[PDB]
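Heads up, the chain below is alone and in the form deposited in one PDB entry; it's given as structure tokens.
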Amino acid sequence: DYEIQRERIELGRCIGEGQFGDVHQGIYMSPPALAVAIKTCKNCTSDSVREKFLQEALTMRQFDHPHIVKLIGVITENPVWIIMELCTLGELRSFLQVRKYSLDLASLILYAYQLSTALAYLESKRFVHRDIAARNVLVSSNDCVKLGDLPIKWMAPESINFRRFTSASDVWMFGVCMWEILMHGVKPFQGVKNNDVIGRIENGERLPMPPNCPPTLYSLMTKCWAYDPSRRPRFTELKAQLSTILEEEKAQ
């Protein structure tokens, strides 16, 4: 039973925004004082919105991975809330930007490694994500990131051209996500028009090597960006390669 008694929740300060409403941090008193994230729903007094909001919680129930945010429970009567595991440090993009000059390379590589483990897990569950980007990643601690919950600049050419979405197109998007982390949260193709992104990629052009990114890690990003989806590594191969790049970086 995922239904939580409202009196067990102390609503704290607003910490961010979601599609349905504000996200707040708070406290969950269970049989004691667990820090939680509380997702609110502005229009949940309407059942069409309520069903869509609560469907997200039902989706979360299916996953059990250390690098995917966990659902704690729901409050189905107005105001409708979803109680999630709190990732205290917030959104990854903002975290990377604020810590641009204070996060070492080993930490950046660790975040890419952890995200590849969560994605190889979702691949093993036969779940295609379709929206892999640094914006949907949350920070639990300085050493732990988690997956939370058209973007032409992040999309595989087959997804843009023919709406083909597979684990291989998720790999392309993850290559862009790895570039974003190594770029300290800078978005890809800044100042480039969406309709001119496909052309540049068709021309063989790719996102450049981020400053201070190891060549072995940049090489792994470019394999994610092979035009042919069958030539892209699988998430399991990404995981094994990122583990070796992480160890090499941890050794100096």
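Heads up: residue numbers just count along the shown sequence, starting at 1. Definition used throughout: the rigid core is the maximal C-alpha set that superposes within 1.5 Å between two forms.
Below, we turn to the form deposited with a small molecule bound, even though it does not appear here.
By the criterion of a heavy atom within 4.5 Å, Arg135 is counted among the residues contacting the small molecule in the deposited complex. Using a 4.5 angstroms threshold between heavy atoms, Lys153 stays clear of the small molecule in the deposited complex.
The closest heavy atom approach of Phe63 to the small molecule in the deposited complex falls within 4.5 Å.
Contact check for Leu220: every heavy atom lies farther than 4.5 Å from the small molecule in the deposited complex. Only one of the listed residues (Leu207, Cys44, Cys224, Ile68) places a non-hydrogen atom within 4.5 angstroms of the small molecule in the deposited complex, and that residue is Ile68. Though the small molecule is absent from this view, in the deposited complex it lies within 4.5 Å of a heavy atom of just one residue from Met173, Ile109, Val145, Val80, which is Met173. Looking at the small molecule in the deposited complex, residues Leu119, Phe127 and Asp149 each place a heavy atom within 4.5 Å of it.
With the rigid core aligned between this form and the one not shown, the listed residues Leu89, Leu71, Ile160, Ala133 include just one Cα displaced by at least 2 Å, namely that of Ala133.
In the core-superposed comparison between this form and the one not shown, the C-alpha atom of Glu205 has shifted by less than 2 angstroms. Once the cores line up, the CA of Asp196 ends up less than 2 angstroms apart between this form and the one not shown. In the core-superposed comparison between this form and the one not shown, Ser219 has its Cα shifted by less than 2 Å. Compared with the form shown here, the C-alpha atoms of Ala134 and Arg232 sit at least 3 Å farther apart in the deposited complex.
The distance between the CA atoms of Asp131 and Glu56 is at least 3 Å shorter in the deposited complex than in the form shown here.
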